[PDB]
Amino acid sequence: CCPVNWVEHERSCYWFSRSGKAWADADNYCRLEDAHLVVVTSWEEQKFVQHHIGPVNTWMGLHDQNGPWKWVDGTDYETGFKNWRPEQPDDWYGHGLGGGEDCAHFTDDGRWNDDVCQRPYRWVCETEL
């Protein structure tokens, strides 16, 4: 069973924030719930998450902080589902905040973008039943 206020979908429980945090803080929040930032592995799961977040920048459990792109729960990135907006990920430095872009988020249309990990975005936690 999923906890109260969590949403069950295909053997996973999801929690959709209605507040924003920097990626590291969202990551910590999910771990303290015995969960992890959402790991998207199919078009079905992608459509499900999109439905609940709406047209809002939302962090997921995908990052390339100090190494290649990796899912927070160990799921393989190279052989897995991807939904990047064409021309992403670009590791952009042009925001002028220092560094590239190391954290993935759903954009307003659901396609993914890599962005500055310090930005405060909403987030999604996931746990597997």
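Numbering starts at 1 and runs along the sequence shown. Rigid core: the largest C-alpha set superposing within 1.5 Å between the two forms.
Note on 63-71 and 39-47: with rigid core alignment, C-alpha atoms in 6 other deposited structures of this protein sit farther from this form for 63-71. Taking only CA atoms, the mean B-factor in the PDB entry is higher for 47-55 than for the other of 47-55 and 99-107. Of the two segments, 87-95 and 63-71, the one listed with the higher mean B-factor is 63-71 (C-alpha atoms only). Across the residues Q118, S12, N113, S17, the deposited record lists the maximum Cα B factor for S12.
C2: CA B factor in the highest third of modelled residues in this chain (values from the PDB entry).
Ranked within its chain, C125 lands in the middle third, by CA B factor from the PDB record.
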